[PDB]
Every structure is written in C-alpha cells, then in structure tokens.
Amino acid sequence: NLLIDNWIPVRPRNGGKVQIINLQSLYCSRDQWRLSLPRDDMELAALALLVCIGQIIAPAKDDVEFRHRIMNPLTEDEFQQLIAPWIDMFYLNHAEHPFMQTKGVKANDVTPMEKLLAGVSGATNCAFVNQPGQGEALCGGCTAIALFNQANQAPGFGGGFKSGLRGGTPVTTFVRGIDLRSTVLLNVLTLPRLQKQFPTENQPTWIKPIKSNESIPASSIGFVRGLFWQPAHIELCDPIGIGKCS
DNA sequence: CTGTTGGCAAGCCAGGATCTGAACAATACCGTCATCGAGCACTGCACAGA
C-alpha cells in the first residue's frame, strides 16, 4: 500500500546512501530528503505521484495553514487521520481494485516490464542502443512510478491504447522546494483554489471503471479520478521473491 | 710582357561618338512508431503401416 509501506526512494538532502521510506516518515519529520533514482524522468514521475497523493489527503483550508504545514511537519496522529479514508485505493496487489489497474485483462501473451520503461523500448533502434534486461524485475516503488509515468507523461503503447488527459507527452511543471517534503506540499492546491480549479465521478478508473466506446464530458470527471486517471487496461502479474530491482 | 680617359643623353601637344544585352519547360519516391488477433506459411515429429 502506497500510503502505508515503504516505497519512496530517497537519500538525505546532502547525504549519501539510498534508503526506502514510507509516506508517514516523509510527512512527519524535519528530515531533509530528496528523491533518488537512476532516471530523472522517474524521479519526476514519483514526485507527481506524491503530489497527487498529497492533493487528495491534505488540502490546506487556507493560505495561512498552507504556509504553516510547510514550516511544520504534521504529527503522526494527524497523518493517520488524513490517510485513513484513502488506504483502500492504494493497493498494488488487491482483489477488486488494484492501483491503476484492471482485473480480468484478456491477453494471449505477457507484456515485458520494459514497455513501462519509457524509452528503453518504443523504437526499432532501442534494442541496439540500450542495455538489455532493465525490466526483468521491478520493485514495488518503481512499478507504481512507472505506471504513473505511462498514464501521464509517456505516449500510449501503440494502436488501441489511449494517452493521458493532458494528451500525449505533456510538460509537467512543479514548484521547487528545499526538500522533498516541502516540494510536495508546495504543489498541493488549497481547498479554496481546489474548488475554483474544479467547479462528477470522483472515483478512480480502477474502482469505477471506464465504459468502452463511451463519450465523456471533461466536466464530468472528479479531481481524484482525473489526477489518477488510467487510460489503459493494465493488470500486473504475480510478483517474485527477494532480489535486486533491475 | 703590356688594353685609356672626359663630356654629353630634348622639348611641345593630342586619346571619339552611336546603339544594342532573350525566351521556354522541368526539381521525385521509399523505409528506418507501436498495438492486437486472426488467417495462413516453414518445419521438423516421430511414427504405423505401407
């Protein structure tokens, strides 16, 4: 679960070794973190995920509170309160509503993980210029990040596959902070602006599925359904045991 | 064996005009994204029974 267990790849703001923390450790400490992945595009995909998460779990009621939470980390009790009604929507492996997935996908073959690795494959020259086996075994964090990247920044897999709400390959622009905690909070719209931004079906595509060949008025989409939009029918396979993430 | 020297080298004036210098037609195409499943091929597989 993205709200509970460790999955966030960080290292100290000016420190060294990578450690995998959880959302609570990020929101409830004056520790300075910065995202750390081998790819800048995945670091951005991760931040986008974090921001979209913090957008639904803790919009400030006003600018006064907005400035307060930035300078002051929440307490673990406040955090648990806020994440409580959302735990149900952030499960990777889940019975009826897997995170950004769709149970019951009819496919003759199993798609390799490289197809979510945005650029490792996609062109006829990729197999010649890129290193093989980058997607043989992806950890939980990278998998979610990759899924979120495909739905937002990357183009569709091919014919019959749709792209995100902003279209194919949009430019994402976030306000930069001093550390990871501040940056995430800095990009969360306060409740008033949130209402002015979105004046609907406010349930995800993996809980309230999209109907085939249906026409959807853009105004009929809730902000959480849109932020976590999944234009593609994707279903993860059963994972494997302990080892290095490729 | 022995072969020279001085003194001197110009000035005037004059070089053109006419009129003319192009047009047409034509400049390419292919491949270097991907997806899915189906319909239809090499291609070995032993055999059973010939």
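Heavy atoms only: backbone and side chains are in, while hydrogens, waters and symmetry mates are out. A note on names: the letters A, B, ... follow the listed sequences, proteins ahead of strands, and every chain is numbered from 1.
Taking the side chain as every heavy atom from C-beta outward, A:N72 and A:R30 approach each other to under 4.5 Å.
For the residue pair A:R181/A:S29, the side-chain donor-acceptor check at 3.5 Å is not satisfied.
Residue pairs satisfying the side-chain hydrogen bond (donor to acceptor under 3.5 Å, both in side chains) criterion with at least one member in residues 73-95 of chain A, sequence neighbours excluded, are listed as follows: A:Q24-A:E76.
Taking 4.0 angstrom as the limit, A:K106 places none of its side-chain polar atoms (N or O) nearer than this to OP1 or OP2 of B:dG37.
The OG atom of A:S163 lies 10.5 Å from the CZ atom of A:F157; values are rounded to the nearest 0.5 Å.
When rounded to the nearest whole Å, the span between CG of A:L117 and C1' of B:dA34 equals 16 Å. Residue A:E235 contributes atom CD, which lies 15 Å from atom P of B:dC36 at whole-angstrom precision. If you take NZ of A:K115 and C1' of B:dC36, they are 13 Å apart, rounded to a whole angstrom. One can place NZ of A:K162 at 24 Å from P of B:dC33, the figure rounded to the nearest angstrom. If you measure from atom CZ of A:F157 to atom P of B:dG37, you get 14 Å, rounded to the nearest angstrom. Look at CD on A:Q150: it is 13 Å from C1' on B:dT35, rounded to the nearest Å.
Environment of CD1 in A:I178: sparse, with no more than 12 heavy atoms of neighbouring residues, nucleotides or ligands closer than 6.0 Å.
Remark: side-chain polar atoms of A:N152 are not paired, donor with acceptor, to backbone N or O of A:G164 under 3.5 angstrom.
Residue A:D109 is classed as having no contact, given no heavy-atom separation below 4.0 Å to the nucleic acid. A:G160 comes within contact range of no nucleotide atom at all, as no heavy-atom separation falls under 4.0 Å.
Judged by ring centres under 5.5 angstrom apart and ring planes under 30 degrees, B:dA34 stacks on its strand neighbour B:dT35.
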Any N/O pairs under 3.5 Å between the protein and nucleotides 29-32 of chain B? List them or say none.
residue : atom : partner : partner atom : Å
B:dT32  : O3'  : A:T124  : OG1          : 2.9

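Residue note: B:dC45 shows a south-type sugar, the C1'-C2'-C3'-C4' torsion being below zero.
Secondary-structure stems of DNA chain B, taken as three or more successive Watson-Crick or G-U wobble pairs (i with j, i+1 with j-1) under a 3.5 Å distance threshold, are lacking entirely.
More than 90° away from 0 lies the glycosidic angle of B:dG7, which makes this nucleotide anti.
A chain of hydrophobic side-chain contacts below 4.5 Å, direct or via other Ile, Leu, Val, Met, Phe, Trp or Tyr residues, connects A:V175 to A:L35.
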